[PDB]
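We begin with a single chain expressed as structure tokens, specifically the form deposited in one PDB entry.
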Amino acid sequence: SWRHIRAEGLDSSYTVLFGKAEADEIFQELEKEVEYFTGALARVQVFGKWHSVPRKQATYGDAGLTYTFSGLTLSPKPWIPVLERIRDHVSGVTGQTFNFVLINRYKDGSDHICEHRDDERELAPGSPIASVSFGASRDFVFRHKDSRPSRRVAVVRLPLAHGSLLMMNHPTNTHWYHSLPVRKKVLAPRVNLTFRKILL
């Protein structure tokens, strides 16, 4: 059972992959195993200013690949068992293959990500992005680029739950921005995995 998220230029799908017990166990393993970037590899350039990201970021994937956004180039660490497990299961459910994962960890509600598109050149054309979430439920927001205005297109708000999958299909990242806004009342951490296909 998928919840289909559809608006003008919006093709996305939402389902729960794992029940609480399995998702807790996976979350616990991710906390133990995932190594996040620090220092120089945790700073981005936006509107002429360099900033430390208000979260932690990690990349894992096939060797030779890189991911660049906002003046920050992230190189992938080799795959680890917990990530291959999540990847293989997602690939089974969707029929899609992934060679890269960007991991975002929001320690609480003050950690967030500003709105953006996954529009980078090293992303394979038309390829989906698989967004898997563990830990605290957080509100995810889809916003149309012509509404931020020429178009009065309504915003799409959606909670991403523990053990859930959000499939972001083409042309979502062409027309729609997304963000995880600050939620002050959230005190627990959240780990999000966006599986991607990267051009060699």
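The first residue of the sequence shown is number 1, and the count goes up from there. We call the rigid core whatever largest set of C-alpha positions still superposes within 1.5 Å between the two forms.
For this session: Tell whether, across the other compared PDB entries, at least a third have no coordinates for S147.
Result: Missing in at least a third of the others, so yes.
Exercise. How many residues that are in the deposited sequence but not in the model lie between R148 and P149: none, 1 to 3, 4 to 9, or 10 or more?
Worked result: The entry has a short gap there, with 1 to 3 residues left out between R148 and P149.
Absent from the display: the form deposited in another entry. The rest refers to it.
For this session: Pick out the one residue among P78, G95, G71, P81 whose C-alpha shifts by 2 Å or more between this form and the one not shown, once the rigid core is superposed.
Result: Everything else stays below 2 Å; the exception is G71.
Problem set entry | Exceeds or equals 2 Å, Cα of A40 between this form and the one not shown, core fit | No, shifts by less than 2 Å.
Exercise. Core-aligned, does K49 move its Cα 2 Å or more between this form and the one not shown?
Worked result: The answer is yes; the displacement is at least 2 Å.
For this session: Check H116 against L72 at the C-alpha atoms and report closer or farther in the other entry, compared with the shown form; the change is 3 Å or more.
Result: So the answer is farther.
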